């Protein structure tokens, strides 16, 4: 059930104003948080993401994600951000230089290679460089904002990289 979310390790969301309260609860695991954000149990809002305090074992169910306005994202090795994929835009806007979706299969069905891995191919596209371009796992991303759109390094030794078949919002 935690599979239906997008984890951002050691990350927490912060916003700005006083008008915001954060529904929390002493939970047993991060799964409990998730199986309640999904089924929107006792919420007076629409849960789009939640943060799990690993040290206190507490959840903080939010009505927005790291992508909302005014929404910043703090650091902490005891926190874990989890965002409902239902609320992370799945289509591209242009060359999709701001794509944050979990797609990780190239236009022709080849699984992607982790950005934090140098096999099968070696590259310069590290998470430590393109910070903010979200080069997590093996997601389809576009660091340089190239024309092709989201792409990734193929796990097929015969293919360096390749574009990903991700829909335009103003499609075809």
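Positions refer to the first chain, counted from 1.
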With B-factors read from the PDB entry, the higher C-alpha mean of 29-37 and 121-129 is in 121-129
Looking only at C-alpha temperature factors in the entry, 86-94 or 71-79, the higher average sits in 71-79
Among 48, 141, 144, 58, highest Cα B-factor in the entry goes to 144
Entry-reported C-alpha B-factor of residue 1 relative to its chain, by third, is middle
Chain-relative C-alpha B factor for residue 134 (record values, thirds): the highest
